[PDB]
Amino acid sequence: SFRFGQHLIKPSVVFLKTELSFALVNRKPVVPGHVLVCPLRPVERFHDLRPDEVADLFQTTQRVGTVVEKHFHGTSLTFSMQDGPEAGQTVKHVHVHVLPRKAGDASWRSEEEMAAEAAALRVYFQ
């Protein structure tokens, strides 16, 4: 019941929802803990977001980064937004990739394993 470009994301894989944003787990996380933070409104380019949505997106991203870094035992974090076709954007919805990083750092999993991961992550936002 969350849009992400032209697909519907099941709530089971969403671990945080705010008044303007939501965070979800990935089917193929690039690194363990690789999650996405998106505005609820499906806009394609970052400049399309209103200031309130910009503040919310990133304050949410900040909270999520802290949680995933902790949960997946990272010691740093990479935050990246591929804003546009020439930056590599595949899904036409603004979103931030949040990746826990460890020193010296296929991944495909079932919806059930994604849902289990989202359930673990929700605990940190209670």
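One-based numbering along the sequence shown.
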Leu16 dropped from a third or more of the other entries of this protein: no
Absent coordinates for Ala106 in a third or more of other compared entries: yes
Counting only residues that lack coordinates, how big is the gap in the deposited sequence between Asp105 and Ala106? Pick none, 1 to 3, 4 to 9 or 10 or more. 10 or more
Entry B factor averaged over C-alpha atoms, 32 to 40 against 96 to 104: higher for 96 to 104
Determine, for stretches 81 to 89 and 51 to 59, which one has the higher mean CA B-factor as deposited. 81 to 89
Would you please rank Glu113 by its C-alpha temperature factor against the other modelled residues of its chain and give the third it falls in: lowest, middle or highest? middle
Would you mind checking where the Cα B-factor of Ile9 ranks among the modelled residues of its chain, as the lowest, middle or highest third? highest
